[PDB]
Amino acid sequence: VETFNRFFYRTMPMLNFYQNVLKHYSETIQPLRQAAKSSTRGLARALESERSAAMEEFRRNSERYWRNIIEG
Amino acid sequence: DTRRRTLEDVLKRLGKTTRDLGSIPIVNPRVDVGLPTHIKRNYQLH
Amino acid sequence: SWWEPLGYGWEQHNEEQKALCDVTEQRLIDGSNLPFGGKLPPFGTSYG
Amino acid sequence: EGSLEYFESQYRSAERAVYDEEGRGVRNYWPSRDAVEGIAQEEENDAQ
Amino acid sequence: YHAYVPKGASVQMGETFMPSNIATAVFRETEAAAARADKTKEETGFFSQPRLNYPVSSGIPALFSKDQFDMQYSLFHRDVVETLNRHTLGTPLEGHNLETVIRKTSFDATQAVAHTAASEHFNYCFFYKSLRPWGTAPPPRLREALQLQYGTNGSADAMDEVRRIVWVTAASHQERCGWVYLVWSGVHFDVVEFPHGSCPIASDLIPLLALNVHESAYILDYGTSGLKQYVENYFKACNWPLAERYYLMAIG
Amino acid sequence: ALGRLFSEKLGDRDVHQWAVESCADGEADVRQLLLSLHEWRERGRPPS
């Protein structure tokens, strides 16, 4: 068994290489998708919020906006 | 340049300077833009 | 104590600020108010 | 050694004090003014 | 070591692939190179080819293969310069500017050799200086200028229109020997077609862009029918900001 | 050349908007390609 595994390690190193690549993929993939969706939606709601009603209030009077931002 | 209040002079008339706002996403107090704008401009930084 | 009074790299630093920075946040050094006029003095004049 | 140990300890404390102040466990780049300019009570406790 | 390595050769790392035979053939080519270098040092005249601002060891991106451009540079242009030198020595025109050769030989049949060679020398130069390898996007001020003339109610319509008029002008010069220029008349822009042995300085215009419409320019790549494709590519590779600063200097 | 092809196709519209577009939710972190885009356009770098 050792002679065998050793032989195919020294001859064909990249089988273990790719095996470990896929191992790692299947391990870490879903955490990464969570991070992606969360951040993207972060900039998403952040982005659309600029057309909201609160922003329509920002332009007519800025002082009430900033005041109730600091207190709010 | 217009008759709007920046958040800057709102702070000067309240007397909070720049330090007190610290839990708020605004960095540059002297720009004229909404809070959401401030969030999107600094978003890639964190 | 003689290095800070004359802003040394002031024209470069001014250029960098004006081109790459928003005017809301930028500090601009003026050469006129700087010791020699922000320049290097003519040769034999400056006592060295 | 033992300067470095103490030093490192108080840093660790100060930084886990600033970045998550409420101990929720996630990194916060927008800390309250009270957590930033606030002094560690561990210093006072050590004096005591 | 740069001085010691001959003109064409590239200086690189030994991969130890050289069999002794070709290794000796190389030294022999180098010896020959030294000899021909010694004779070119004495054959040197007043004028010379311009140094290229960009590496042409490979082709000019999106435009020329290596062989095309180096058939322009190291074949036609250098002949033009040998001619120019042969005929500007032993004459009142010895050792003057490229201009004062172009301008004082203008419109005379007797000095037609000198004038033709001179103007071709200039055209080739300005052509090389008109090519920026990966191309460039035309600057705002120049776009504003061009739009006020060529543009009909469209956004930078002046760019598509200018790169159209250049195509048309190129196709309308039938002889395939000459140059197409975008120039500033001093009161307005226009795209002019110069025949071989004629130059924008000779007609006292101010050149902005040059395009080489000689058949020898596009033959190795685009064949004999490929002129349209050729021009279209030229605009991928042209240099606008140059044309702009020349324009702005012309105005003041 | 890539720089001006991009600045040509994007045209006027918001960089950030474009970034939220070119990533559907599950595609990639927006902060990453925002960072790499900024560092590529100005401060010209090889794009990641």
# chains A, B, ... in the order shown; residues from 1 in each chain; ligands from 1
>>> interface_residues(of="chain A", to="chain F", cutoff="7 Å", atoms="only C-alpha atoms", output="ChimeraX atom specification")
/A:33,36-37,39-41,44
>>> interface_residues(of="chain C", to="chain B", cutoff="12 Å", atoms="only C-alpha atoms", output="PyMOL selection string")
chain C and resi 22-26
>>> write_last_selection(atoms="N, CA and C atoms", output="PDB file, in the first residue's frame")
ATOM      1  N   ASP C  22     -10.756  66.052  -3.681  1.00  0.00           N
ATOM      2  CA  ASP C  22     -11.934  66.902  -3.728  1.00  0.00           C
ATOM      3  C   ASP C  22     -11.639  68.217  -3.018  1.00  0.00           C
ATOM      4  N   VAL C  23     -12.230  69.305  -3.506  1.00  0.00           N
ATOM      5  CA  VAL C  23     -11.952  70.639  -2.974  1.00  0.00           C
ATOM      6  C   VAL C  23     -12.522  70.847  -1.577  1.00  0.00           C
ATOM      7  N   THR C  24     -13.448  69.980  -1.185  1.00  0.00           N
ATOM      8  CA  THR C  24     -13.979  70.015   0.168  1.00  0.00           C
ATOM      9  C   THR C  24     -12.880  69.651   1.163  1.00  0.00           C
ATOM     10  N   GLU C  25     -12.121  68.610   0.840  1.00  0.00           N
ATOM     11  CA  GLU C  25     -10.933  68.287   1.614  1.00  0.00           C
ATOM     12  C   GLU C  25      -9.655  68.444   0.796  1.00  0.00           C
ATOM     13  N   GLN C  26      -9.000  69.589   0.925  1.00  0.00           N
ATOM     14  CA  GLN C  26      -7.644  69.747   0.425  1.00  0.00           C
ATOM     15  C   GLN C  26      -6.969  70.906   1.144  1.00  0.00           C
TER      16      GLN C  26
END
>>> residues_around(residues="residue 37 (chain D)", least_positions_apart="5", cutoff="10 Å", atoms="only C-alpha atoms", output="PDB file with C-alpha atoms, in the first residue's frame")
ATOM      1  CA  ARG B  19     -15.966  64.003  16.892  1.00  0.00           C
TER       2      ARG B  19
ATOM      3  CA  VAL D  18     -12.904  49.434  20.218  1.00  0.00           C
ATOM      4  CA  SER D  32     -19.014  55.261  19.315  1.00  0.00           C
TER       5      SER D  32
END
>>> interface_residues(of="chain A", to="chain B", cutoff="8 Å", atoms="only C-alpha atoms", output="ChimeraX atom specification")
/A:43,46-47,49-50,55,58,61-63,66-67,70
>>> write_last_selection(atoms="N, CA, C and O atoms", output="compact mmCIF listing (two decimals), in the first residue's frame")
# COMPACT_ATOMS: atom_id res chain seq x y z
N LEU A 43 -24.84 47.31 -0.41
CA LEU A 43 -24.73 48.43 -1.33
C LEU A 43 -26.01 48.60 -2.15
O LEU A 43 -26.25 49.67 -2.69
N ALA A 46 -28.48 50.43 0.21
CA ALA A 46 -27.78 51.71 0.36
C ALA A 46 -27.95 52.57 -0.88
O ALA A 46 -28.10 53.79 -0.79
N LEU A 47 -27.94 51.92 -2.04
CA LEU A 47 -28.00 52.63 -3.32
C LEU A 47 -29.40 53.12 -3.64
O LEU A 47 -29.57 54.28 -4.01
N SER A 49 -31.77 53.67 -1.62
CA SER A 49 -32.28 54.55 -0.57
C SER A 49 -32.14 56.04 -0.88
O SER A 49 -32.76 56.89 -0.23
N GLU A 50 -31.31 56.37 -1.87
CA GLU A 50 -31.06 57.75 -2.25
C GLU A 50 -32.23 58.36 -3.01
O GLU A 50 -32.30 59.58 -3.19
N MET A 55 -34.78 61.46 1.38
CA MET A 55 -33.89 62.25 0.54
C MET A 55 -34.62 63.43 -0.09
O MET A 55 -34.03 64.50 -0.30
N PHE A 58 -34.39 65.90 2.39
CA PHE A 58 -33.03 66.46 2.51
C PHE A 58 -32.85 67.75 1.71
O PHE A 58 -32.15 68.66 2.15
N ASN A 61 -35.39 71.15 3.14
CA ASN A 61 -34.69 71.72 4.29
C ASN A 61 -33.62 70.77 4.84
O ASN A 61 -33.92 69.68 5.34
N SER A 62 -32.37 71.20 4.75
CA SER A 62 -31.25 70.36 5.16
C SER A 62 -31.06 70.35 6.68
O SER A 62 -30.67 69.33 7.25
N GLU A 63 -31.34 71.47 7.33
CA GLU A 63 -31.08 71.61 8.76
C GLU A 63 -31.94 70.65 9.61
O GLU A 63 -31.44 70.09 10.58
N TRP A 66 -30.33 67.09 9.03
CA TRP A 66 -29.13 66.85 9.82
C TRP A 66 -29.41 66.82 11.33
O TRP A 66 -28.86 65.97 12.04
N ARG A 67 -30.26 67.73 11.80
CA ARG A 67 -30.61 67.77 13.21
C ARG A 67 -31.23 66.45 13.66
O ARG A 67 -30.79 65.89 14.66
N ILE A 70 -28.59 63.62 13.77
CA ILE A 70 -27.71 63.61 14.93
C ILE A 70 -28.42 63.15 16.21
O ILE A 70 -27.86 62.39 17.01
>>> residues_around(residues="residue 142 (chain E)", least_positions_apart="2", cutoff="9 Å", atoms="only C-alpha atoms", output="compact mmCIF listing (two decimals) with N, CA, C and O atoms, in the first residue's frame")
# COMPACT_ATOMS: atom_id res chain seq x y z
N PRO E 138 -9.76 60.62 -27.98
CA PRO E 138 -9.64 62.04 -28.33
C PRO E 138 -10.09 62.94 -27.19
O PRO E 138 -11.19 62.77 -26.67
N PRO E 139 -9.24 63.91 -26.83
CA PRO E 139 -9.40 64.82 -25.69
C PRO E 139 -10.59 65.75 -25.87
O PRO E 139 -11.00 65.99 -27.01
N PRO E 140 -11.14 66.27 -24.76
CA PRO E 140 -12.36 67.07 -24.82
C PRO E 140 -12.25 68.34 -25.68
O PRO E 140 -13.15 68.58 -26.49
N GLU E 144 -14.43 69.41 -28.96
CA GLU E 144 -15.22 70.64 -29.01
C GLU E 144 -14.92 71.43 -30.28
O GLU E 144 -15.83 71.99 -30.90
N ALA E 145 -13.65 71.47 -30.66
CA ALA E 145 -13.29 72.16 -31.89
C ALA E 145 -13.90 71.47 -33.10
O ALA E 145 -14.57 72.11 -33.92
N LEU E 146 -13.68 70.17 -33.21
CA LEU E 146 -14.11 69.41 -34.37
C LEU E 146 -15.62 69.44 -34.51
O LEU E 146 -16.15 69.60 -35.61
N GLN E 147 -16.31 69.30 -33.38
CA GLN E 147 -17.77 69.30 -33.36
C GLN E 147 -18.37 70.59 -33.94
O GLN E 147 -19.38 70.55 -34.64
N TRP E 240 -4.36 60.88 -30.77
CA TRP E 240 -5.14 62.12 -30.76
C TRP E 240 -4.53 63.29 -29.97
O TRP E 240 -4.43 64.40 -30.51
N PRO E 241 -4.12 63.06 -28.70
CA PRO E 241 -3.62 64.18 -27.88
C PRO E 241 -2.49 64.99 -28.52
O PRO E 241 -2.38 66.19 -28.26
N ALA E 243 -2.30 65.63 -31.82
CA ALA E 243 -3.08 66.50 -32.70
C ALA E 243 -3.69 67.64 -31.90
O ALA E 243 -3.76 68.77 -32.38
N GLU E 244 -4.11 67.34 -30.68
CA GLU E 244 -4.71 68.36 -29.85
C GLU E 244 -3.72 69.45 -29.45
O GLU E 244 -4.00 70.63 -29.63
N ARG E 245 -2.56 69.07 -28.90
CA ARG E 245 -1.63 70.10 -28.44
C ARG E 245 -1.06 70.89 -29.61
O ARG E 245 -0.75 72.07 -29.47
N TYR E 247 -2.90 71.61 -32.25
CA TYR E 247 -4.02 72.50 -32.54
C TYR E 247 -4.03 73.71 -31.60
O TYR E 247 -4.16 74.86 -32.03
N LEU E 248 -3.88 73.43 -30.31
CA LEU E 248 -3.93 74.46 -29.29
C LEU E 248 -2.73 75.39 -29.37
O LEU E 248 -2.85 76.58 -29.07
>>> atom_distance(atom1="CA of residue 71 (chain E)", atom2="CA of residue 42 (chain E)")
23.9 Å
>>> atom_distance(atom1="CA of residue 212 (chain E)", atom2="CA of residue 40 (chain E)")
28.0 Å
>>> interface_residues(of="chain F", to="chain E", cutoff="12 Å", atoms="only C-alpha atoms", output="PyMOL selection string")
chain F and resi 1-8+11
>>> residues_around(residues="residue 47 (chain F)", least_positions_apart="5", cutoff="12 Å", atoms="only C-alpha atoms", output="mmCIF file with N, CA, C and O atoms, in the first residue's frame")
data_model
loop_
_atom_site.group_PDB
_atom_site.id
_atom_site.type_symbol
_atom_site.label_atom_id
_atom_site.label_comp_id
_atom_site.auth_asym_id
_atom_site.auth_seq_id
_atom_site.Cartn_x
_atom_site.Cartn_y
_atom_site.Cartn_z
ATOM 1 N N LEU F 2 -7.879 49.138 -22.822
ATOM 2 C CA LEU F 2 -8.991 48.620 -22.048
ATOM 3 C C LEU F 2 -9.625 49.731 -21.219
ATOM 4 O O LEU F 2 -10.855 49.820 -21.116
ATOM 5 N N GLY F 3 -8.785 50.586 -20.648
ATOM 6 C CA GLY F 3 -9.257 51.711 -19.867
ATOM 7 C C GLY F 3 -10.259 52.579 -20.604
ATOM 8 O O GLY F 3 -11.334 52.889 -20.075
ATOM 9 N N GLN F 32 -14.804 44.155 -3.244
ATOM 10 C CA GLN F 32 -13.599 43.680 -3.906
ATOM 11 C C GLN F 32 -13.440 44.289 -5.303
ATOM 12 O O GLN F 32 -12.406 44.899 -5.601
ATOM 13 N N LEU F 33 -14.455 44.156 -6.150
ATOM 14 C CA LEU F 33 -14.311 44.640 -7.518
ATOM 15 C C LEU F 33 -14.438 46.152 -7.573
ATOM 16 O O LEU F 33 -14.018 46.780 -8.543
ATOM 17 N N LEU F 34 -14.993 46.741 -6.523
ATOM 18 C CA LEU F 34 -15.005 48.188 -6.414
ATOM 19 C C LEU F 34 -13.577 48.665 -6.171
ATOM 20 O O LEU F 34 -13.074 49.535 -6.889
ATOM 21 N N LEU F 35 -12.924 48.071 -5.170
ATOM 22 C CA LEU F 35 -11.517 48.351 -4.867
ATOM 23 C C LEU F 35 -10.622 48.188 -6.082
ATOM 24 O O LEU F 35 -9.883 49.108 -6.462
ATOM 25 N N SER F 36 -10.691 47.004 -6.685
ATOM 26 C CA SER F 36 -9.827 46.683 -7.809
ATOM 27 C C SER F 36 -10.125 47.606 -8.996
ATOM 28 O O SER F 36 -9.203 48.027 -9.708
ATOM 29 N N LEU F 37 -11.394 47.956 -9.193
ATOM 30 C CA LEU F 37 -11.727 48.887 -10.265
ATOM 31 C C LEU F 37 -11.108 50.266 -10.030
ATOM 32 O O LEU F 37 -10.501 50.847 -10.940
ATOM 33 N N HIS F 38 -11.271 50.792 -8.819
ATOM 34 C CA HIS F 38 -10.689 52.087 -8.492
ATOM 35 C C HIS F 38 -9.179 52.073 -8.710
ATOM 36 O O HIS F 38 -8.629 53.000 -9.305
ATOM 37 N N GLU F 39 -8.509 51.026 -8.232
ATOM 38 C CA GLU F 39 -7.048 50.965 -8.334
ATOM 39 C C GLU F 39 -6.584 50.758 -9.774
ATOM 40 O O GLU F 39 -5.432 51.026 -10.103
ATOM 41 N N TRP F 40 -7.464 50.240 -10.623
ATOM 42 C CA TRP F 40 -7.130 50.069 -12.033
ATOM 43 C C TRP F 40 -7.334 51.333 -12.866
ATOM 44 O O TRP F 40 -6.519 51.635 -13.734
ATOM 45 N N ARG F 41 -8.417 52.068 -12.607
ATOM 46 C CA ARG F 41 -8.776 53.213 -13.453
ATOM 47 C C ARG F 41 -7.846 54.397 -13.236
ATOM 48 O O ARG F 41 -7.130 54.805 -14.152
ATOM 49 N N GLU F 42 -7.883 54.971 -12.038
ATOM 50 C CA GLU F 42 -6.822 55.879 -11.616
ATOM 51 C C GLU F 42 -5.767 55.010 -10.975
ATOM 52 O O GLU F 42 -6.005 53.818 -10.793
#
>>> select_by_dssp(residues="chain C", states="helix (DSSP H, G or I)", output="list in words")
residues 10, 11, 12, 13, 14, 15, 16, 17, 18, 19, 20, 43, 44 and 45 of chain C
>>> atom_distance(atom1="CA of residue 42 (chain D)", atom2="CA of residue 17 (chain D)")
11.5 Å
>>> residues_around(residues="residue 180 (chain E)", least_positions_apart="3", cutoff="8 Å", atoms="only C-alpha atoms", output="VMD selection string")
chain E and resid 166 169 to 170 191 to 194 210 to 213
>>> decode(residues="region 17-37 of chain B", atoms="N, CA, C and O atoms", output="short mmCIF file (atom, residue, chain, number, x, y, z; two decimals), in the first residue's frame")
data_model
loop_
_atom_site.label_atom_id
_atom_site.label_comp_id
_atom_site.auth_asym_id
_atom_site.auth_seq_id
_atom_site.Cartn_x
_atom_site.Cartn_y
_atom_site.Cartn_z
N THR B 17 -18.73 69.71 17.07
CA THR B 17 -17.58 69.53 16.17
C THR B 17 -17.77 68.33 15.23
O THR B 17 -18.88 68.09 14.75
N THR B 18 -16.68 67.61 14.97
CA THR B 18 -16.71 66.45 14.09
C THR B 18 -16.66 65.12 14.85
O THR B 18 -16.96 64.07 14.30
N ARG B 19 -16.33 65.20 16.13
CA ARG B 19 -15.97 64.00 16.89
C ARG B 19 -17.19 63.26 17.39
O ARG B 19 -17.17 62.03 17.51
N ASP B 20 -18.25 64.01 17.67
CA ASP B 20 -19.41 63.45 18.36
C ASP B 20 -20.22 62.53 17.44
O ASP B 20 -20.86 61.59 17.92
N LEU B 21 -20.16 62.78 16.14
CA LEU B 21 -20.98 62.01 15.20
C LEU B 21 -20.49 60.56 15.02
O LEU B 21 -21.08 59.80 14.25
N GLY B 22 -19.43 60.19 15.73
CA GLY B 22 -18.62 59.01 15.41
C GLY B 22 -19.27 57.68 15.04
O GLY B 22 -18.66 56.90 14.31
N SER B 23 -20.48 57.40 15.53
CA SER B 23 -21.19 56.17 15.14
C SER B 23 -21.96 56.30 13.81
O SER B 23 -22.57 55.34 13.33
N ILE B 24 -21.92 57.51 13.23
CA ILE B 24 -22.52 57.83 11.93
C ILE B 24 -21.52 57.72 10.77
O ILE B 24 -20.42 58.28 10.84
N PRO B 25 -21.93 57.05 9.68
CA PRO B 25 -21.11 56.76 8.49
C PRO B 25 -20.45 57.97 7.80
O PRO B 25 -19.63 57.75 6.91
N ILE B 26 -20.82 59.19 8.15
CA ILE B 26 -20.19 60.39 7.58
C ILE B 26 -18.74 60.62 8.00
O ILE B 26 -18.41 60.62 9.19
N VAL B 27 -17.88 60.83 7.01
CA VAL B 27 -16.48 61.18 7.24
C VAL B 27 -16.26 62.67 6.99
O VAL B 27 -15.84 63.40 7.89
N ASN B 28 -16.51 63.10 5.76
CA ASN B 28 -16.39 64.51 5.44
C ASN B 28 -17.69 65.24 5.75
O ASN B 28 -18.70 65.05 5.07
N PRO B 29 -17.67 66.07 6.79
CA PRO B 29 -18.86 66.81 7.22
C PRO B 29 -19.24 67.94 6.27
O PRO B 29 -20.40 68.37 6.27
N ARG B 30 -18.29 68.43 5.48
CA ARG B 30 -18.50 69.67 4.74
C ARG B 30 -19.03 69.49 3.31
O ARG B 30 -19.22 70.48 2.60
N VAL B 31 -19.28 68.25 2.90
CA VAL B 31 -19.89 67.97 1.60
C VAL B 31 -21.39 68.20 1.65
O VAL B 31 -22.00 68.07 2.71
N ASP B 32 -22.02 68.54 0.52
CA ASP B 32 -23.48 68.55 0.48
C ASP B 32 -23.99 67.30 -0.22
O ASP B 32 -24.04 67.23 -1.44
N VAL B 33 -24.42 66.34 0.59
CA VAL B 33 -24.91 65.06 0.11
C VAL B 33 -25.70 64.40 1.22
O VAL B 33 -25.51 64.73 2.39
N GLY B 34 -26.55 63.44 0.87
CA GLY B 34 -27.32 62.73 1.88
C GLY B 34 -26.47 61.76 2.67
O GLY B 34 -25.30 61.53 2.35
N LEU B 35 -27.05 61.20 3.72
CA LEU B 35 -26.42 60.10 4.43
C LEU B 35 -26.18 58.89 3.51
O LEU B 35 -25.06 58.36 3.48
N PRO B 36 -27.21 58.46 2.74
CA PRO B 36 -26.99 57.33 1.82
C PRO B 36 -25.82 57.52 0.86
O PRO B 36 -25.06 56.58 0.60
N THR B 37 -25.68 58.73 0.32
CA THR B 37 -24.53 59.05 -0.51
C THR B 37 -23.25 58.75 0.27
O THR B 37 -22.38 58.03 -0.22
#
